[PDB]
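> Sequence first, structure after, both from an experimental entry:
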Amino acid sequence: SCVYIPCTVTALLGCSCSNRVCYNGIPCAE
């Protein structure tokens, strides 16, 4: 989750922090 901070864990592949949740069409946890 990107609660306050970005994801910086899955965002690498395109896991866009949607509602403070790494999301790349489908979530990526964190």
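Sure thing, it's come through. Residues are numbered from 1 along each chain as shown.
> And residue 17, its phi and psi?
phi -60, psi 90 (degrees, to the nearest 10).
> beta partners for it?
Beta bridges link residue 17 to residue 22, judged by DSSP bridges.
> Quickly note the distance from it to residue 23.
Relative to residue 23, residue 17 is positioned 7 Å away (C-beta to C-beta, to the nearest Å). Every residue, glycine included, has its C-beta placed from N, CA and C.
> cool, residue 6 as well?
12 Å.
> More neighbours: which of those two?
Neighbours were counted for residue 6 and for residue 23 using other C-beta atoms under 10 Å; residue 23 has more, 18 against 14.
> In contact with residue 28, which residues?
7, 9-10, 13, 15, 22 (C-beta atoms under 8 Å, 6 or more residues apart in numbering).
> Now, of these, which are buried?
7, 10, 15, 22 (16 or more other C-beta atoms under 10 Å).
> Surely the second one is in contact with residue 24?
Yes: the pair formed by residue 10 and residue 24 meets the contact definition of C-beta atoms under 8 Å, at 7.1 Å.
> okay, the buried ones among the contacts of residue 28 in TSV with distance to residue 1 and secondary structure next?
Shown next, in TSV, are the buried ones among the contacts of residue 28 (distance: C-beta to C-beta, whole Å; DSSP: H, G, I helix; E, B strand; the rest coil):
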residue	distance to residue 1	secondary structure
7	8	coil
10	11	coil
15	11	coil
22	7	strand
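> Dump those residues into a markdown table; add distance to residue 28 as well.
Converted to a markdown table, those look like this (distance: C-beta to C-beta, whole Å):
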| residue | distance to residue 28 |
| --- | --- |
| 7 | 7 |
| 10 | 3 |
| 15 | 4 |
| 22 | 4 |
